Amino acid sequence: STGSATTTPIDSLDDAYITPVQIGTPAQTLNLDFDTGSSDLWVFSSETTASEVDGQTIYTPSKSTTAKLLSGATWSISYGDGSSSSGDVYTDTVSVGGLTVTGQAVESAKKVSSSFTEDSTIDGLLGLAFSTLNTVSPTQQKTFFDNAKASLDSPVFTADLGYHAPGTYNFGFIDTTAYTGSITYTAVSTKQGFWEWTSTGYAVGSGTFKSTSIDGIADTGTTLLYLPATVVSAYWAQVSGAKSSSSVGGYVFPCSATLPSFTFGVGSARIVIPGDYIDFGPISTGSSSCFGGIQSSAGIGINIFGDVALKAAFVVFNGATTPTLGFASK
């Protein structure tokens, strides 16, 4: 089997991407944030505290003939941005892009933090990191990908995120029309439960490539590119008037600037992030200070290849017995 679904930016900045997901029978379609940095499929639901729901579409298990309470199971998750959610668990039929899993754990939120309530466009998350991070207790649950894997034509999924445009998540196949050149594969460590890999270095603009190992994660659920402070300082030093602002919480730059590209290495291959991808616009409405898309990972404890990086590439998440990542230009 295979599946193919379109993923759509939630706003004009590509802050996140939503993908429609069918849950239950008859289908209830919710727009989920596919997150390769976490391992829970959780949804706004008929159980979510009413004051914490503001425009999201909810999953109502009582209206699904295939829903069953997973008795005694609870979940609770905290993300890198300080957001959180928790609740109880149902099993139900879940389909993405035509690919169906029966008996998927659907984590029903009883509580969500303010950042979720305030984002009306995201109805929940679909985690695609390794199932070792799943938070369900006392019986850990599998991701949608791990439950689909054995049925797939190939044990893979691909992320093809758009810049200010829709893109695609595919399950079970490589679309050889979706990228240019060849795919370069690189090793993955699953020790922390992430798609963790080592970039071979970077360049700023037309500058020389610096060969240096940068360990980080491929995380579709993180907007920005978080790299070591040395690398980030080298990038922003090429933008007149850029500076790190403790008040704003990262590097800002004049909105009048033209940003340089940023290149990262994947083995001997190179992925180029155009400068435009690094512009996240005014820090507040009408400001002439703009927020940068490359930020320091110092204090986060890991480097994160978030959407700024991933949307410059066709990315293969190879879930074979020995996982690997692949990157191609597009």
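So that there is no doubt, residue numbering starts at 1 and follows the sequence shown.
When the C-alpha B-factors of 245 to 253 and 89 to 97 are averaged, 245 to 253 comes out higher.
In this entry, the higher average B-factor at the C-alpha atoms falls on 318 to 326, of the pair 302 to 310 and 318 to 326. If you compare the C-alpha temperature factors of 261, 48, 39, 297 in the entry, 48 comes out highest. You'll see in the entry that, of 107, 196, 118, 160, the Cα B factor peaks at 118. Remark: residue 2 belongs to the middle third of its chain, ranked by C-alpha B-factor as recorded.
When the modelled residues of the chain are ordered by C-alpha B-factor, residue 276 sits in the middle third. When all modelled residues of the chain are sorted by CA temperature factor, residue 13 is found within the highest third.
When the CA B factors of the chain's modelled residues are split into thirds, the value for residue 103 lands in the highest one. Sorting the modelled residues of the chain by their CA temperature factor places residue 127 in the lowest third.
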